[PDB]
Every structure is written in structure tokens, then in C-alpha cells.
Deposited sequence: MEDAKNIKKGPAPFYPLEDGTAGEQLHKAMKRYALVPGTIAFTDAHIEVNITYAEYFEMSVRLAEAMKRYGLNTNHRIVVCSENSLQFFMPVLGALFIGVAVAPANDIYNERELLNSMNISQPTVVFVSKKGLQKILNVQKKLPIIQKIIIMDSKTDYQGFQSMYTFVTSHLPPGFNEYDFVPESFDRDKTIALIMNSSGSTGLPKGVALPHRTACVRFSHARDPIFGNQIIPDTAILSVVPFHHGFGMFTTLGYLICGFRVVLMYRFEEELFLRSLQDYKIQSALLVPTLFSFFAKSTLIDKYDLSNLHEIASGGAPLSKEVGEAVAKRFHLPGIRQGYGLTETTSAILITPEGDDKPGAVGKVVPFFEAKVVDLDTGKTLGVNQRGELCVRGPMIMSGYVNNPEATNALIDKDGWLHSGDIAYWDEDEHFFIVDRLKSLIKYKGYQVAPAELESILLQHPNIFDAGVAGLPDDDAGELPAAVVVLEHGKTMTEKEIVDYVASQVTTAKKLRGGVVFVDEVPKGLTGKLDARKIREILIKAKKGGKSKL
């Protein structure tokens, strides 16, 4: 019964060809050619970095990694708190087809070791505060040949920074604007290995390309408008942070980041940066349902709040929307294994407690927990989705992959849901 399979509509703009690296490179080069266009802002230290700076450093890192000897057979780890530098090695690696494994920066040595035993990186990019943990991990994982310090200009404790690493490897006369990213099969070449003991979730370049279609979709994402700023406190090494931020770079937005939540800084940032959209996780929603400071700030520019990371209760969402003077909350539902959200609230068509509608290129159904039958409108069962953002599999764990994804390509989410007469989905 096809009528009970909910399908996303066609994307507003056709899906572009090219790897995720090629698409990011093309967009970022465009924004780079306009001086002063801000890519990231660190709300804590107040420093801005422009698309020109970001584009040039990411391309220099790409070329330096290529000359050092990395290619599609290798992986890198990026282990850092949210920062201005976080996406430099991410973009550089995407530009040359090297898979990136972001490691949670609050993991201890044991958890890092398990994570990197799965991803098996050749080079680790780490912030200064993570260096000791990586050195302890490297003791057990000799495959790590090289450690590069992200948030330093000069060498740091005998290790190269991204800047000195680049100088060591760039050819004379290197031209960042002549550089061309690598081309490769985007279904076969892994872009990210995300953590989900945790497993490693392999995401081909294809899944990011589809994400970039959603991110700028006028219905399922944000319309590309000049001078748009987002406030993001969500960890970049988690899918909600990783894939919203890459999407924002495609859109040329200003991404104001925080690496630690604080109430006054968060609200003052919304006000002073004239933020249009802010990203929260459910426990920060619960926090703002308790906040009374919100009405002391001028939030007249705020258009939306998005919640991701885990389903949000209906009542908490309604409380927060009211405190912020918004008509509703921009919800979505995703898993690490689906790259990002594959149900998203359509712009202007929020419905309290709903996680939204099936995104372009996807299908979703709910199945009876007994009969396995596809269910109709307003009936509760297991949410199952199928589409090109689904992971290629858990790394070196085909049994775990097969337990989650069936022979027809349906991923079984483990969550109970239903959809309504407008094809809005609700998580129960």
C-alpha cells in the first residue's frame, strides 16, 4: 500500500553532482571572493573569521595533506571542542577524499581509544587541551603517525600547528584559487565516520550532498538570504552539529559558536549578533522553559529555534516558543545512522509536538510491532526510513548493520511514531 508510505517531495533545487568536498569548495570559493563575509564567530573570545580566511586555510590544508601523502585509503581524526579552527581539517580532508572521524572531546583515554581503534586514523588533529589524551592513545595505536595542533599559530610542545604543517608541505607558488578538489565516486568514498560500546558510522559523500540539498531548501531548510546569522552551541563532532554547520557554510551564513553553555552569554549573543536562528538540544530546551531572563533581551531578529539530538516533548516546546515570542519550534528527527534529520518541520508549517515531514529523497513508514505491516494515518508503530542519507554501515560490524537495516534498505529506528492527515510525523 503505497498510500501509507510517506514520501518527501522533490527538492526545490535539483540535487547537484559532485562530491561533498566539491560542493563545499565551490560555495566557499564564492563567499571567499567577498571581503568581510563572516564564516564563524567565537562568542567567547569575540573573534570572527571570514570565508576568505576559511577557504584559503582549508585549501592549503587539503594540498598539504595530499603532499604529505594522504589519499582515500587514509582517515584523520579531528578531536576538539567547538572552535574557529574545527572545520579547517574537516573541509581540507573532504576536499581530497580523506575520511574524517570526529572524536568526542570529552571522551577519556579509554573511550577515545575504542573510537580510534575503529576509525584507525593516520593523522590526528587535536586542540591543545586534548593533546595529552591523544598522546596516551597513540601509545596503544601506532597507526597514528602524526599529531597536528589545531588552535595554535606556532608549533606547540614540539608538535606542528596546522599553519606550520602547511608551510612544511606546500609547493612553492601554491595558489589557493587555482586549487581543484579531488573527484571520486561519492557513493563509495566515505566522508565522515561518526560515533554511535560506540560503533563507527560510515557516511559516504553522497549523504552529505543530500544534506546540502535540504539545508538550503526553502521548505526543509533555510532560504539563502544575506547577513543571516545562526547561534550554535551544539557539539560539532555530533551529527546535529556537524551537518547543520556544513549546511550553513554551503549557505554562506555566519555561524556564531559557543563551546560551553551559559545563560547570559547565550541570550546576549542572540541579541547582539541579531541572530535569526538558534540550535538547541532537548536538555537546553528544558533549561529555557525554566529561564526568566529571556524577556530582558531584544530578540526581535530571532525567527526560529531548532531542536535536535533526541525527540522533544510537546509541552516543553510550547513553553519555549512562547517565552521567545515564536509561533512554534523548528523540530526534526534524525539518528547518527541517518546522517542528520530525515523528518524536518517545513518552514512556516510547524505543528506542536510534531517532528515534521519526510525530507526530499526519503520515504518513511510506521510498522505494526506485531504484524510488521505498514500502518495508516494516526496509527502507532515503529518508525522506519529509507533514503540516500542512510549510512553505508557500521565500520567492520556487518552483524550490527544487518540488525538495523533490512534487505530492502529500510532502517528500523527503534522509536514509536505515527503520522497525521497532513503527513506530519509525531514521535511517541
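Missing CA stretches, deposited numbering from 1, N-terminus first: Seq positions lacking coordinates: 1 to 2, 199 to 203, 436 to 550.
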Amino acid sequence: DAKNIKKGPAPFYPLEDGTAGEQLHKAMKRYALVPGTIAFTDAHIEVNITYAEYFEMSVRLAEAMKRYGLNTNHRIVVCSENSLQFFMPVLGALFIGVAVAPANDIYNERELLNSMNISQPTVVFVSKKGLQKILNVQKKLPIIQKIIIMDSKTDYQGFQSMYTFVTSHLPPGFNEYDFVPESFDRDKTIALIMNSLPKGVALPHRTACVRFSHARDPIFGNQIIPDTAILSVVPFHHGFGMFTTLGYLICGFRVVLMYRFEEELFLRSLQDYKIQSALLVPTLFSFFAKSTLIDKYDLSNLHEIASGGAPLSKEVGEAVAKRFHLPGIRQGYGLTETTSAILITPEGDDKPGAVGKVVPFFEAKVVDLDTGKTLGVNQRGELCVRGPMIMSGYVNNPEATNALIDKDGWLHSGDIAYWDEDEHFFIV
From here on, numbers count along this sequence of modelled residues.
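We call the rigid core the largest set of C-alpha positions that still match within 1.5 Å between the two forms.
Rigid core superposition result in 5 other deposited structures of this protein, more deviant of 169 to 177, 254 to 262 by Cα: Of the two stretches, the larger average C-alpha offset in 5 other deposited structures of this protein falls on 169 to 177.
More shifted region, core-based fit in 5 other deposited structures of this protein, 82 to 90 vs 106 to 114 by CA: The stretch that sits farther from the shown form in 5 other deposited structures of this protein is 106 to 114.
Which of 141 to 149 and 125 to 133 has higher mean CA B factor, as the PDB entry lists it: Mean CA B-factor is higher for 141 to 149.
Selected stretch [higher average CA B-factor]: 86 to 94 or 163 to 171: Higher mean C-alpha B-factor: 163 to 171.
From 309, 252, 235, 181, residue of greatest CA B-factor: Comparing C-alpha B-factors across 309, 252, 235, 181, the top value belongs to 309.
Residue with maximal Cα B-factor (values as given in the PDB entry) among 81, 304, 350, 264: That would be 350, according to the entry.
Ranked against its chain, the third holding the CA B-factor of residue 396: Highest third - that is where residue 396 ends up once the chain's C-alpha B-factors are sorted.
Ranked C-alpha temperature factor of residue 41 among modelled chain residues, by third: It falls in the bottom third of the chain.
Third assignment of residue 259 from its chain's C-alpha B-factors: Ranked within chain, residue 259 CA B lands in the middle tercile.
Among modelled residues of the same chain, the CA temperature factor third for residue 294: For residue 294, the deposited C-alpha B-factor lands in the middle third.
Chain thirds of CA B-factor: placement of residue 20: Its C-alpha B-factor, which the entry lists for residue 20, ranks in the middle third among residues of this chain.
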